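The chain below stands alone and is given in structure tokens; this is the form deposited in one PDB entry.
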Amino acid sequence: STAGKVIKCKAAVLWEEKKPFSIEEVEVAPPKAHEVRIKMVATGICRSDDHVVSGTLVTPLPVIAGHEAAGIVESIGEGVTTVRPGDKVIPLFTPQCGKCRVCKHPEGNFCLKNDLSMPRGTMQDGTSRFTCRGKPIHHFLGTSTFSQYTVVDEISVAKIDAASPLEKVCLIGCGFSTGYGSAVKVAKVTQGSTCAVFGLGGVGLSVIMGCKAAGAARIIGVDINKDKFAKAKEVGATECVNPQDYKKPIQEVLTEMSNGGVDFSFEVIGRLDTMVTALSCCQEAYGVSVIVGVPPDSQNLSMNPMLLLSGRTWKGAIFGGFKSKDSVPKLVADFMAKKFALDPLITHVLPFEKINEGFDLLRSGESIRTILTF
């Protein structure tokens, strides 16, 4: 009838680097103790899944990527208590073991039981829940959501509102929370403040919303593509500056506009130079700059430490600084409240079989966000 045993579905497998995804037939073993098996309803395509493909983000291959999705619980293993079959959920790429040095810390969120630091591409027990033909296939993070079914550990799953449109809230899985959290939890934006966001992409758009929910009073969005300027404005940016029309460094034109410099700056592109530029357009005495992302293959940036000496702060974070298991559920509750919208972000919805087409839209172009539906 149901499941309590091996399943057979299609999943997008990466056998080799820089090769497309091969839609294959795989077997998904039943959940062991404290594991949960989920049937995917939708998964978004994020830059990091693409790194894996390039070999930039180094994790054991073949693998089953994806980490930004929402689904419905099919079956739960022994000792599980946070979810029940039928429950809407969101796989968590940043766990919440809830008892490490970091989980217990009032601010920390990068659970020690994560798998990006030193990826293993397995489950918490060190075995894989996947095989294609006779070959085991590795997990991605603790999610591997580019499969019709996946198994995740209980500290890597969040139970959400049962009324949740899983085709839209899947965003809270990475893209949206990463940006939004950077503003409201990491930089801890104050109201009346002036903010600058470098990069008007999806995560970028997310920050501008956090800055807005946060109460900010002025949000300058900066990008060298005039095209991205409308949604940003529509979603929250009060200004949009294209550094390509100025005849001077924009850190300069930025400090001039902010009359001393912005209160908080966000670098959501991942560029080294822009990393330093965003640092300097921040008010020298009490400005806070946040790095939302740095490519897995990033090199060292040159910086003058006198930049920090005045009184400036430089932070980083993963997953918008949010305690994953505790917060994901609340972001949904707020989305449900009518609080924020997620629609201006979804620019494309494709059937899951057309994954490689999703990556093309992504890889080169403008597709703010492509959602793969199962």
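All residue numbers refer to positions in the sequence shown, first residue = 1. In this text, the rigid core denotes the largest set of C-alpha atoms whose superposition between the two forms falls within 1.5 Å.
Just so it is clear, the following notes concern the form deposited in another entry, a form of the same protein that is not shown.
Just one of the listed positions, 186, 250, 123, 92, moves its Cα by at least 2 Å between this form and the one not shown when the rigid core is held fixed, and it is 250. Core-superposed comparison between this form and the one not shown: the C-alpha position of residue 161 differs by less than 2 Å. Superposition of the core reveals a Cα shift of 2 Å or more for residue 225 between this form and the one not shown.
Once you line up the core between this form and the one not shown, the Cα of residue 298 ends up 2 Å or more from where it was.
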